[PDB]
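A single chain comes next, written as structure tokens; it is the form deposited in one PDB entry.
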């Protein structure tokens, strides 16, 4: 029954030229698609599915386009129904129906397309080939937030792991429409789904500026306080991707204050993302360095390093953020003293101990060099044991140059630079001399890198004001390279080289 006559007869009536006959059949086909017994017999007839697909495109009766689209939506709830729609050219037809002025037809099309993208393989290639990405981006102007949540998930399925789909979304004005969704609506499922689309569009370097200049950084920061954990997480991931390519963007004030307060979260992954974003945003941006220090960023970052312990995924961006804040802005002296006043020097020196790796050690040394600029930190850094390790790391980096993505010359330049600034204190120079560092500093004068020559002669100039020290430097044969460095074009090298030669007599 049915398959023997009713469906062949209904297929024959569904493609009749009499529009009234087509509309009468389409209503019966829609009713048969609402029960498992008859609905199975529809998807097992590719002749019927073809008639439903063609009628949906060509008809001008709204009730018929609603019945045919509503039919196709009913077959899309299971496996063999999705395959029958796929093989009957249903995907290019459903893409065409996305431009329908009828809401019932538009909703039936986007839900059937979403079911196909979720469970039918080969549907991603078919939706892209039929121009589905363009039609979906243009539909982001609609106001139905339930419809917007489905439309954005289709874009996420199409764009994930596909450069063509990402480029089409960006070329059609995608970022502006997505940022406006985060900026306007409060529906959690729409905001969450849209953030997953902005996350995929932010993993490439050349695709990030579109989201940034449209105000995406501020729009994503709006929902960092929302109770949805998956929404906050996707916002923090997208902000961390966009952050390194948006260190010049104006108006990051309100976002920085929220990121500082997220450092007090109980979610360790939230603190990790917030520390990484603050590290990128504070890089070479004196305004971002200012606002972070004005909201208590030093205490929150020092507290974050303590909480992390040996978790280098948290200490490294937090130490890097502290290195940025302690240099090159009005409140640099304030940040340097604040690290001491909030008990950061012990854990900062402790991070030079094992089991820290080289990327964390490199960032920790640069921060100590910045903290050594403050004279009130000379004694506490000495009493915490910073000098013996700064020398021991310097010796290790000299053996592998005379790793883990860290050039061992940056360790040599950084460690000697901290000792060069620490040597401004009289008691520090006694400790630096007592570890047989003068022979090592003399051999650094032969280094081909100017910044290493400048800091080696700098720490030798500071140690040379001790009379017995100037002779040990002369005894190690430093007069020959120093006289060479006198003719250096770098004024910093020639200045310190003349200073040592002058103090050796």
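Positions refer to the first chain, counted from 1. Throughout, rigid core stands for the largest set of C-alpha atoms superposing within 1.5 Å between the two forms.
We do not show the form solved in complex with a partner chain, though everything after this point is about it.
Per the 4.5 Å heavy atom criterion, the partner chain in the deposited complex is contacted by stretch 22-30, the sole one of 476-484, 48-56, 432-440, 22-30. Taken together, the three residues 212, 217 and 219 lack any non-hydrogen atom within 4.5 angstroms of the partner chain in the deposited complex. Rigid core superposed between the shown form and the other one, residues 118, 435, 379, 430 considered: the one with a C-alpha shift of 2 Å or more is 118. A displacement of 2 angstroms or greater separates the C-alpha positions of residue 73 between the shown form and the other one, with the rigid core held in common. After superposition on the rigid core, displacement of the C-alpha of residue 258 between the shown form and the other one stays below 2 Å. Once you line up the core between the shown form and the other one, the Cα of residue 134 ends up 2 Å or more from where it was.
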